[PDB]
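What follows is calculated from the coordinates using simple rules that are stated; it is not laboratory data. Note that we place each Cβ from the backbone using ideal geometry, even for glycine, and neighbour counts take in every protein chain shown.
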Amino acid sequence: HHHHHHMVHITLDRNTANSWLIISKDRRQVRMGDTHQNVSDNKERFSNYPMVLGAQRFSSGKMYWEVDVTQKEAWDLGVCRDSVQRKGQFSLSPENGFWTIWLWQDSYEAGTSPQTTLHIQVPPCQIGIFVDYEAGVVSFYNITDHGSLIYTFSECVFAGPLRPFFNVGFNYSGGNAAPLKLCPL
Ligand SMILES: Cc1nn(C)c2c(O)nncc12
C-alpha cells in the first residue's frame, strides 16, 4: 500500500479508558493493570471491557496510523463512531458503530456480524489502519508482512465522527499483559 503519507499522530484519551487501564505519560501506549487504577467513574469510560478511544475525531479525509501488538494473545483494533455505547455488554459490529479486527484464541477475525475469518500467514507484530471517510473504507494492513492487506470494510455507513478504537484484551491467561503501542511516523 501507499497510504503512509496520510499518517496522523494518534494519542489516547484517558477519560474514555476502562478504569483498569494504564496509559503512558506520552498517551501513546496502553496496557491492562492488575487492579482498578484509582480514577473516578464517568459516562465516557468503557465499563465491561479493557477499551479506550483515541482523542482525535475524524469527519473527512484520509487517515493512517500503526499499532504495535507484539506478544499479545488477544486485542481488538480499528475505528468507531464517537457515539458508541460505553456501558454494559455489546458486540463489535458496523450496526453498533465499530469497524474492527481482532486476535482471539490463535485466530484473526473481522468484526462483521457475524464475524469473518481472516487469512494471515505471517502473524503481525504491527497493524496499519487506513480510513477514507468520503469513500466509506476502513482497511487493515500487516506491517510485518511488507504491508499486505488483511481486510477492507467498504460501503461503510459511519453516520458520525470517527475515533480510533483499542481493546488491550483481558489477561486471564497471564500471557496477555503486553501493551498496545502507537508506532512512530
Ligand atoms: C477482571 C476484571 N474485572 N473488572 C471489573 C474489570 C475491568 O473493569 N476491566 N478489566 C478487567 C476487569
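Compute the signed sum of charges (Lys and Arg +1, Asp and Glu -1) over the other residues within less than 10 Å, Cβ to Cβ, of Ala135. Before the final figure, lay out each step's value.
Values: positive: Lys62; negative: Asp132, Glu134, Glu155.
Net of charged neighbours comes to -2.
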In whole µm²/s, the translational diffusion coefficient that Stokes-Einstein assigns to the range 13-98, given a Kirkwood hydrodynamic radius over C-alpha pairs, 20 °C and 1.002 mPa s, equals 151
Scaled to the compact-protein estimate 2.2 N^0.38 Å, what is the alpha-carbon radius of gyration of the chain, rounded to two decimal places? 0.95
Euclidean distance between Cα centres, the range 99-173 to the range 12-27, Å: 21
